[PDB]
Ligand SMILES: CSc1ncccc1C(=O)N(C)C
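Shown here is one chain on its own, the form deposited without this ligand, set out as structure tokens.
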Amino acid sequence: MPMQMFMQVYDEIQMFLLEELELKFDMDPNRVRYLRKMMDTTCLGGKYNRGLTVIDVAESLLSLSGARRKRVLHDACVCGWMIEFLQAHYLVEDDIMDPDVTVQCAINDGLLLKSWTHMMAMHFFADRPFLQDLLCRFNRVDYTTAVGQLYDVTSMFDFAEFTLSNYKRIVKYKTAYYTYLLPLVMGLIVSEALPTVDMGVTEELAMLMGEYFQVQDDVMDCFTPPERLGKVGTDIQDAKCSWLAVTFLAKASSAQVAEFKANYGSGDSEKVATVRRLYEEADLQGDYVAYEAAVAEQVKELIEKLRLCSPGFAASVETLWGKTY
């Protein structure tokens, strides 16, 4: 029922965007179908975890608080696609990083996906009292992500910044704000119950879940084979400030750090294997189970504090935590 409604509102949103281009932007049919195919390719095909979280929060604030019900759920679906289209916008920008007309189109597709989140918000929420507060919290989170990738892209340039605190800062702004905090806040906005929750505990829960999500991602990126991971892990080659790297530097010897510096950030097959050898011989995958266990305890505790004043809201955050845990 939730997924079936989410994909149904997608067709409704796609129809408005393409008809608006046809009727108000004088677009020919050939380009309308071109943009339909581009929209389906970039937005669909994922797990839609961020978009469905917006709906799961809204439905918990309805029965646990009807013409108001049908509006809030439909509003939660548009917000759910604002994030999915935003996630599509981020993925398209990543493909550009790694008169060529196809490079111009990829850049243009990235800016159309970001603009499409504003057009679907200005239309379906045109007469909602939260349209101004939604756009500002949405734009501030998008700004946050761009600041997050500046820390990530330049974490090796200016191994001084390879610390656990800077790692938290990178994960916090690049990932946690738009993947975990943004859908929860968006569910509270369409439910009109935003000031009914402790945002402090809410923001702290989102940062810890994003940190839990990124550490597990960094370990899989290094040890999970490509056919089981879904991609080719390139964190060691890209010289990324991963959790394995900053945890290794804290427990390595003086020589092992020198052997790490001489082999990290390279594309040679044996230098990468030498980095995995240092990771393996340092028992990092033993520390991984302990680090995440402490994070899960903090999440289990912080959900309870959010429950004394938000019982139903804590149920959806608990469901969102299970998808990450």
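Throughout, we count residues from 1 along the sequence that is shown.
Omitted here: the form deposited with this ligand bound. The next part is about that form.
This ligand: the contacting residue among 266, 256, 49, 274 in the deposited complex [heavy atom, 4.5 Å]: None of the other options qualify; the answer is 49.
With a 4.5 Å heavy atom cut-off, would you call residue 191 a contact of this ligand in the deposited complex? No, residue 191 sits far enough from this ligand in the deposited complex that none of its heavy atoms falls within 4.5 Å.
Hey, in the deposited complex, does residue 53 get a heavy atom within 4.5 angstroms of this ligand? Yes, residue 53 sits close enough to this ligand in the deposited complex that at least one of its heavy atoms falls within 4.5 Å.
Taking 4.5 angstroms as the cut-off for heavy atoms, does residue 130 touch this ligand in the deposited complex? Contact with this ligand, no.
Any chance residue 179 has a heavy atom within 4.5 Å of this ligand in the deposited complex? Within the cut-off, so yes.
Those residues of 201-215 which, in the deposited complex, come within 4.5 Å of this ligand by heavy atom: The stretch touches the partner through 213 alone.
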